[PDB]
Amino acid sequence: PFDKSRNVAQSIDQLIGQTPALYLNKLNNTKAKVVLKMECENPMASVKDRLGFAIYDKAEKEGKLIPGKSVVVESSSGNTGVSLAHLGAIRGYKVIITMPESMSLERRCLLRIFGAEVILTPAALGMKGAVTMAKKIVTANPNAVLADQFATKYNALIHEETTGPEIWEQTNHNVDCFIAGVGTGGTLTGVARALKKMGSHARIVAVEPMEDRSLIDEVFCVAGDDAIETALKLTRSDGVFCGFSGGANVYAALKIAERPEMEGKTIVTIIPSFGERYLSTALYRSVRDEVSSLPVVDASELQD
Amino acid sequence: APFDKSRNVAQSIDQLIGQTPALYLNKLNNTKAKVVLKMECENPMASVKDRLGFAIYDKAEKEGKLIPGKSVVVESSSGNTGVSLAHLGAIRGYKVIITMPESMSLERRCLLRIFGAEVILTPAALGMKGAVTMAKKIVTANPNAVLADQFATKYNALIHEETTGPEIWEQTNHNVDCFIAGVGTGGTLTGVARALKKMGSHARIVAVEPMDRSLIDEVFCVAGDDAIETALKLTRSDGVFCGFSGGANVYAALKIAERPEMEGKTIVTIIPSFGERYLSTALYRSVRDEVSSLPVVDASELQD
Ligand SMILES: [Cl-]
Ligand SMILES: [Cl-]
Numbered sequence: 004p005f006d007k008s009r010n011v012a013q014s015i016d017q018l019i020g021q022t023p024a025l026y027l028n029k030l031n032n033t034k035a036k037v038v039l040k041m042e043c044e045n046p047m048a049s050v051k052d053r054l055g056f057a058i059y060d061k062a063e064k065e066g067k068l069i070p071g072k073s074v075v076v077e078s079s080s081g082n083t084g085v086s087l088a089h090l091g092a093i094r095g096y097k098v099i100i101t102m103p104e105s106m107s108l109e110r111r112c113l114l115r116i117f118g119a120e121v122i123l124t125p126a127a128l129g130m131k132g133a134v135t136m137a138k139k140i141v142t143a144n145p146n147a148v149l150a151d152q153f154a155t156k157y158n159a160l161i162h163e164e165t166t167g168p169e170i171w172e173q174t175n176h177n178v179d180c181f182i183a184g185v186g187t188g189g190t191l192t193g194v195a196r197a198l199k200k201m202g203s204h205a206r207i208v209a210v211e212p213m214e241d242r243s244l245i246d247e248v249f250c251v252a253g254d255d256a257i258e259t260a261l262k263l264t265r266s267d268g269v270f271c272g273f274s275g276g277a278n279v280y281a282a283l284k285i286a287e288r289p290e291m292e293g294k295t296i297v298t299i300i301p302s303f304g305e306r307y308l309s310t311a312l313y314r315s316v317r318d319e320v321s322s323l324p325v326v327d328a329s330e331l332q333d
Numbered sequence: 003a004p005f006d007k008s009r010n011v012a013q014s015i016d017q018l019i020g021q022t023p024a025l026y027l028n029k030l031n032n033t034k035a036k037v038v039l040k041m042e043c044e045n046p047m048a049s050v051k052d053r054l055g056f057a058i059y060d061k062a063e064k065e066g067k068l069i070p071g072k073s074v075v076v077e078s079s080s081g082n083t084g085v086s087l088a089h090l091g092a093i094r095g096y097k098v099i100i101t102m103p104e105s106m107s108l109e110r111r112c113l114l115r116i117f118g119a120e121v122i123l124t125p126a127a128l129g130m131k132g133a134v135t136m137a138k139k140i141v142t143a144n145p146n147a148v149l150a151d152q153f154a155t156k157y158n159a160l161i162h163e164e165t166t167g168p169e170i171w172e173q174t175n176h177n178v179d180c181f182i183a184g185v186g187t188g189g190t191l192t193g194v195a196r197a198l199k200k201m202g203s204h205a206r207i208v209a210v211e212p213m241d242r243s244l245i246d247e248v249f250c251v252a253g254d255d256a257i258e259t260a261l262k263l264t265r266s267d268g269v270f271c272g273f274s275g276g277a278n279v280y281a282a283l284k285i286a287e288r289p290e291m292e293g294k295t296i297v298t299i300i301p302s303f304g305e306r307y308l309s310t311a312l313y314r315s316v317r318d319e320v321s322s323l324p325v326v327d328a329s330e331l332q333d
């Protein structure tokens with residue numbers, strides 16, 4: 004349990020997790036409390052930092068990654084790939100990312116900042132092209148290891164070990180409902196398991212955006254436009270600046286917070302990622318378009 | 003009994019400002035000194051200026067100089083100071099107007115506008131001076147408008163004397179031999195130096211300059254090319270992702286770390302801003318130009 008107030012970290016690893024929790028304030032006009040678990044405050048700005056750490060930590064203990072021998076091969080360019088590149092670099096591993104050429108230049112650049120080898124695959128073959136290429140690499144080099152196997156193996160576990168228990172402690176053992184995205188790669192499974200291990204009867208709600242069954246009490250559907258509108262209202266009302274998945278979660282949480290049986294209760298949801306990564310994407314396009322056509326004051330007004 | 007954000011739920015994103023982590027430089031430090039990085043990049047809006055933003059609103063309100071829902075906050079800033087004022091202003095219900103030259107990036111316009119700030123553009127030729135002139139015109143024309151710079155002057159050093167400096171003191175276990183930060187303005191330098199000397203520290207105070242004066246023991250000049258190179262080395266060695274200022278500070282720290290008299294000693298410096306804000310600027314153009322020319326694997330190698 005690393006205490007940031009009284010210590011200097013040996014490694015940026017130690018700054019992963021132990022993220023803040025924040026009550027929704029202006030945007031919450033309901034009779035329920037809504038707690039945001041702020042995973043956007045991780046060192047590389049998303050929840051997936053916990054997964055990147057888990058992969059290196061747990062696979063090394065298993066002897067399946069060997070620092071400075073293993074080449075880590077990851078067929079994904081989103082936050083899991085960012086965290087693997089980030090933490091691979093400081094542990095001494097070469098990291099290869101395979102990604103379609105059609106993924107954004109900005110995604111390429113962030114991965115390369117950490118010294119990953121970025122290998123581009125044909126747009127017309129999509130995500131499958133990148134998976135084929137990763138497999139080609141591992142077949143050719145017996146030192147190379149596919150990361151996605153470990154992402155699958157450890158993801159729910161790290162959230163049952165860390166994220167879930169943090170929420171339990173931060174809310175002082177008071178969670179009536181926990182809400183997160185159904186996507187997997189996320190916190191849903193592990194947080195749900197942690198809560199159920201603590202005794203908690205909390206309602207578990209999976210959020211499914213639109214264009241383990243035992244663990245999930247309800248799937249709540251959220252329209253894309255509502256997730257996007259919510260992300261922008263959240264920043265203006267409460268100063269929380271996040272991506273699409275956080276907007277969808279907050280939209281869902283605010284609806285569920287108005288249910289009669291949720292009055293006086295505590296609802297917890299996740300803010301997975303900081304918003305700045307998405308400024309150039311469709312999420313904030315409306316704002317980009319607005320600022321693109323602003324007028325300019327004439328110099329004749331400014332030279333008195 | 004001061005709020006513990008790792009163990010309790012915050013009422014406001016304000017409470018998550020400051021109390022940032024501190025991190026030892028390792029792979030990049032091949033000296034016999036210890037270099038501690040104060041990780042201001044970990045603030046809620048990804049820079050040290052969150053502390054100044056908060057100090058401005060909190061202290062101006064307590065002195066009746068800003069009145070929520072009445073005062074219009076006006077700032078001439080193409081930097082993080084404007085970003086923080088816009089971010090925290092929105093939460094508190096203030097209208098915020100930011101003036102900046104038309105030559106600043108769309109990304110920067112977009113960030114401010116995400117908070118709901120009014121963005122006013124001034125001629126490229128007149129630079130920041132023209133943005134300053136316009137801010138003063140706006141304030142002249144609205145009796146509810148106030149110029150934020152006056153507050154930044156009054157409160158900048160004080161907030162770092164009260165918060166950043168005492169944090170550094172506790173985090174290093176009362177053990178600081180040298181403190182290094184940028185002259186700029188908005189820097190931590192004056193306030194931290196005052197805190198350190200108040201708490202009995204004999205730390206040497208070093209002002210970093212590109213190529241209160243009585244608290245400074247040494248000016249250290251850093252060429253821009255060394256600042257830029259150092260920013261990119263930092264990501265790949267230690268996973269620290271920052272801007273130009275942090276690059277320059279770390280370069281200076283590493284050179285001071287080589288002095289015989291610093292053997293065994295503790296040097297503290299500041300990482301002011303997270304690097305993501307700068308990914309599409311000149312600082313990381315070397316990486317961008319590289320990933321924009323990568324070859325694409327031929328479909329024939331992967332089509333199944
Ligand atoms: Cl998100
Ligand atoms: Cl910086």
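Top to bottom, those sequences are chains A and B.
Read in order, the letters of the first sequence correspond to residues 4 to 214, 241 to 333 in UniProt numbering.
Read in order, the letters of the second sequence correspond to residues 3 to 213, 241 to 333 in UniProt numbering.
Each residue gets a CB set at the ideal place from its N, CA and C atoms; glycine is no exception.
- Close partners of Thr-33(A) in chain B (Cβ separation under 7 Å) are lacking, with about 16 Å as the shortest Cβ gap.
- Under the DSSP assignment, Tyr-26(B) falls in the beta strand (DSSP E) whose first and last residues are 24 to 26.
- Taking a beta-carbon distance threshold of 7 Å, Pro-4(B) does not count as an interface residue toward chain A.
- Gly-81(A) has its CB no nearer than 6 Å to any heavy atom of ligand 1.
- The straight-line gap separating the alpha-carbon atoms of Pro-103(A) and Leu-123(A) is approximately 5 Å.
- Among the residues of the stretch 255 to 285 of chain B, those with a Cβ less than 9 Å away from any Cβ of chain A are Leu-261, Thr-264, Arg-265, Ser-266, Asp-267, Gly-268, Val-269 and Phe-270, in the order of the chain.
- For the stretch 133 to 152 of chain A, the residues whose beta carbon sits under 7 Å from a beta carbon of chain B are, in order, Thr-135 and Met-136.
- Taking a cut-off of 6 Å from the heavy atoms of ligand 2, the residues with a C-beta inside it are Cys-271(B), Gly-272(B), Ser-274(B), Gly-275(B), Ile-300(B), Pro-301(B) and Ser-302(B).
- Between the stretch 289 to 302 of chain B and the stretch 34 to 42 of chain B there are three or more inter-stretch CB-CB distances shorter than 8 Å, so the stretches are counted as touching.
- With respect to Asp-246(A), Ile-207(A) sits close: the two C-beta atoms are nearer than 7 Å.
- The beta carbon of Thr-124(B) falls within 7 Å of a beta carbon belonging to chain A, placing the residue at that interface.
- Secondary structure of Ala-209(A) (DSSP, three-state): strand.
- By the rule that beta-carbons nearer than 7 Å mark a contact, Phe-56(A) does not touch chain B.
- Apart from the 5 residues on each side of it in sequence, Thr-165(B) sits with its Cβ closer than 7 Å to the Cβ of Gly-20 and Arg-53 in its chain, given in chain order.
- Beta-carbon to beta-carbon, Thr-101(B) and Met-136(B) are separated by about 5 Å, close enough to satisfy the 8 Å threshold.
- Residue burial annotation: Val-326(A) is buried, with at least 16 other C-beta atoms found within 10 angstroms of its C-beta.
- Taking CB atoms only, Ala-197(B) has no neighbour in chain A less than 7 Å away.
- Under the three-state reduction of DSSP, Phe-117(A) is assigned to coil, being neither helix nor strand.
- Secondary structure in the stretch 164 to 203 of chain B: the alpha helix (DSSP H) runs of 4 residues or longer, each lying completely within the stretch, are 167 to 173 and 191 to 200 in chain order.
- Within the stretch 104 to 151 of chain B, complete beta strand (DSSP E) segments of at least 3 residues are found at 120 to 124 and 147 to 149, given in chain order.
- Interface annotation, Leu-87(A): not in contact with chain B, CB-CB separation never under 7 Å.
- Just measuring C-alpha positions, the residue of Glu-258(B), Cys-250(B), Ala-256(B) and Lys-199(B) sitting nearest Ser-243(B) is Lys-199(B).
- For the stretch 11 to 30 of chain A, the set of residues with a beta-carbon nearer than 9 Å to any beta-carbon of chain B comprises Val-11, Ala-12, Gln-13, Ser-14, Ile-15, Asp-16, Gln-17, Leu-18, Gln-21, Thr-22, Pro-23, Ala-24, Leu-25, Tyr-26, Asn-28 and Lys-29, in chain order.
- Note on geometry: alpha-carbon atoms of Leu-160(B) and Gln-173(B) lie some 20 Å from one another.
- The stretch 102 to 120 of chain A makes no contact with the stretch 175 to 194 of chain A: fewer than 3 CB pairs, one atom from each, lie closer than 8 Å.
- By the 16-neighbour rule on beta-carbons within 10 angstroms, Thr-22(B) is buried.
- A straight-line Cα-Cα distance of about 19 Å links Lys-64(A) and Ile-15(A).
- Here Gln-13(B) has no same chain residue with a Cβ atom under 8 Å from its own Cβ, once five neighbours each way along the sequence are excluded.
- When the alpha-carbon of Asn-144(B) is set against those of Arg-265(B), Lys-97(B), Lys-29(B) and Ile-257(B), the nearest one is in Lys-97(B).
- Here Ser-274(B) carries a helix assignment [DSSP, helix/strand/coil].
- Between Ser-274(B) and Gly-184(B), the beta carbon gap of about 5 Å places them in contact (Cβ cut-off 8 Å).
- By the criterion of a C-beta distance shorter than 6 Å, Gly-91(B) is surrounded in its chain by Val-75 and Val-98, once the five residues flanking it on both sides are discounted.
- A residue is called buried when at least 16 other Cβ atoms come within 10 angstroms of its Cβ; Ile-69(A) does not meet this threshold and is exposed.
- When C-beta atoms of the stretch 255 to 270 of chain A are compared with those of the stretch 77 to 92 of chain B, three or more pairs fall below 8 Å, so the two segments count as touching.
- In this model, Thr-192(B) and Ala-205(B) are separated by some 13 Å (Cα to Cα).
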